[PDB]
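Below is one structure, written out as structure tokens, with a few remarks after it.
Each reported figure results from applying straightforward, stated rules to the coordinates on display, with no laboratory input. Backbone-built Cβ (ideal geometry, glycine too); neighbour counts: all protein chains shown.
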Amino acid sequence: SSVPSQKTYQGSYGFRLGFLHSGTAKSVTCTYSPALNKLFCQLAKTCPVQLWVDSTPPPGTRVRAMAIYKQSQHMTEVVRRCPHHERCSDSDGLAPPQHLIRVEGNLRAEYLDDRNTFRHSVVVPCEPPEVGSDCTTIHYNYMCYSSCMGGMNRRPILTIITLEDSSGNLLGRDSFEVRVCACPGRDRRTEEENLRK
Ligand SMILES: *c1nc(Cl)c(C#N)nc1CC
Ligand SMILES: [Zn+2]
């Protein structure tokens, strides 16, 4: 399958992602490393991602998330849930069982299987920030471990977040690496130390 672009693109509205500061304690279920541009999270736990713009985009603007393999030799392979987790009875009534990435708590989420590339993606309407806030937050879930055999099989993935108009044309793009693992704080601390050394 052809490979979606991963080029960071702020666009006319100054679109970019943001992450909370969660730390590396034993209790953390989701933690973001700015040094690695990498999110570490437990299976099917809430991953809050902030969405920032300098200017308000038009009504009908949408936000899409899609995963690709990071390594060049695997980028053409569609990222999907492994044979075990795709058969889990963990449906929410909206997400197809094969999709790695879900949006939590948005009844207007739409899930696409692309007719030409076969890649999966989930898209929601882009909303203005709430009354007390300066950004919008979307909650994602990753429904397979990075280590799952017959799925990601220990290969790193990127999540690509695209801001789109009502036809799906590109308005902005950002991305981050993801590891889905049982000990996200410990793995973050280790991978950050490897980078320093
Ligand atoms: C999405 N959509 C709108 Cl209208 C706004 C505003 N204001 N912000 C987002 C998140 C990038
Ligand atoms: Zn799995």
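Computed values, structure above
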| item | result |
| --- | --- |
| 3J(HN,Hα) from dihedral phi, region 174-180, Karplus parametrisation 6.51/-1.76/1.60, rounded to Hz, x for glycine, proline | 8, 7, 7, 6, 10, 10, 9 |
| Net length gained if the chain between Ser133 and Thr29 were fully extended (0.36 nm per residue, minus Cα distance) | 35.0 nm |
| Percentage relative contact order, the chain, counting C-alpha pairs under 8 Å, at least six apart | 34 percent |
| Out-of-range pairs (alpha-carbon distance over 22 Å; input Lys38/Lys70; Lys45/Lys197; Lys7/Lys38; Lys26/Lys70) | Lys45/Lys197; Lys26/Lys70 |
| Cβ charges +1 (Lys, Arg) and -1 (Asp, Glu), total dipole of region 2-196, debye | 660 debye |
| Gain in span if fully extended, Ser89 to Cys183, counting 0.36 nm per residue against the direct Cα distance | 31.4 nm |
| Virtual spin-label span in nm between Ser166 and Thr76, 7 Å along Cα→Cβ | 3.8 nm |
| Virtual spin-label span in nm between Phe118 and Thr46, 7 Å along Cα→Cβ | 3.6 nm |
| Cut-off under 5 Å, modelled amide H: who pairs with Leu171 long-range | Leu163, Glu164, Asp165 |
| Among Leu20, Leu195, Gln50 - extreme Cα towards positive end, dipole of the chain, charges at beta-carbon | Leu195 |
